[PDB]
Structures are given as C-alpha cells and as structure tokens.
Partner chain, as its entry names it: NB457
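As a starting point, one isolated chain is supplied in structure tokens, in the form solved without its partner chain.
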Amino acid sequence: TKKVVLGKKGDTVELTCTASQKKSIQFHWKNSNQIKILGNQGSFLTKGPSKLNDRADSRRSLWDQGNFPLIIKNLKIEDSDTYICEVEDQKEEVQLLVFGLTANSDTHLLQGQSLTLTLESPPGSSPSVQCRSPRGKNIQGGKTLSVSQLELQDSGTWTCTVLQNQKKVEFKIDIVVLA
C-alpha cells in the first residue's frame, strides 16, 4: 500500500517492509520497472541485476523479526522509482522522491549580491519550497528561489523545506555575506 519516502541527494535512505507471518521468511524488492534489486536467496541476499546493485542493501540482522528493509546508499535524483517489497503473498508499495538543493552562486557572497538556490528533483514531483532566513523570513518558490540582494544580518544557516505530501524534506545551507 502507497507509502512514500522523500530522500536527499547523497544522503542514505531506508524503506520499511514488515512481514508478520512465521518470523524468518523469504522476500523480494523490485522497481516498478519490474526488475529486482534484492531478496534473500536461501540465507544469501542476492542482488540480481540493477543500477543499484553496487549500492543496495538490507540488514540480515532483522530478517528474524520479519523486517526486510531496502537500504539505498549514496542517492541519485534518478533513483526516484516505485519500489516493491514482496513477501510470500503480499506487496508493499513504497516510492522514494530524491531531492537536491543547490546554491548556483555559492555560500561566500557579498552584501548587495543576489542568491539563487535551485531545486533538483525527479519529474512527477510537485514540490512547494519555503526557504526561511537566518532571522526568520520566507521565500516561496517553485523550482528556483532567488534572494534579490542579501545584507549582513542573514548570514547563517538558512532552512529550506521541500514540502510535498505530509512528508517533507528540510535542507540547511549556511550563507556567508560580507562587505
């Protein structure tokens, strides 16, 4: 059933899948594109064929609790698919939405200078961005945000919030303004 996960570019993410049938059993994880990344073969975790192969995981450790995660390390925006956990006779449907958030300028600005933060995302993503400032000021945005010209006081870690469904991803860039 339709559970969503929003992740962050570079950061690591984990999708939940629970059995609750006799405790240590066999599962599968596949991308909507029907190809699998993982399952436990015997007592072996096989990573069939996939872009993620060198990057996907699970914890052997919890399989006895009927917990069969999918750990996708070092995220790419692109990894933004529908993934499916498979346990004997049931499917878990969880989608990941990979975000990025640039400073197509830098962090080491100057008084008067403008600033442009840009939102990297998978398509199908209908995010609403809200960056707040070092001394609490909004900045509404689409896929591109812009600070006309900043001045001394808003030196500090800004806070962005890629607000999508309930689930939201907050980002923190530190900004340096000088003169």
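Positions refer to the first chain, counted from 1. By rigid core we mean the largest C-alpha set that fits within 1.5 Å across both forms. Shifts are known only where both forms have a C-alpha.
Just so you know, the form deposited with its partner chain bound exists too; it's not on screen, but the next bit is about it.
- For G124, a non-hydrogen atom is located within 4.5 Å of its partner chain in the deposited bound form, even though that partner is not displayed.
- The closest non-hydrogen atom of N33 lies within 4.5 Å of its partner chain in the deposited bound form.
- In the deposited bound form, no heavy atom of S105 sits within 4.5 Å of its partner chain.
- Using a 4.5 angstroms threshold between heavy atoms, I84 counts as touching its partner chain in the deposited bound form.
- The stretch from 147-155, 107-115, 33-41, 131-139 that comes within 4.5 Å of its partner chain in the deposited bound form, counting heavy atoms only, is 33-41.
- After superposition on the rigid core, displacement of the C-alpha of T18 between this form and the one not shown stays below 2 Å.
- Superposition of the core reveals a Cα shift of 2 Å or more for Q41 between this form and the one not shown.
- Note: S43-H28 Cα separation is 3 Å or more shorter in the deposited bound form than here.
- If you compare C-alpha positions, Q65 and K22 are 3 angstroms or more closer together in the deposited bound form than in the form on display.
- Listed in sequence order, the runs of 3 or more residues present in both forms whose C-alphas shift by at least 2 angstroms between this form and the one not shown, with the core superposed, are 20-22, 41-50, 106-108, 138-143.
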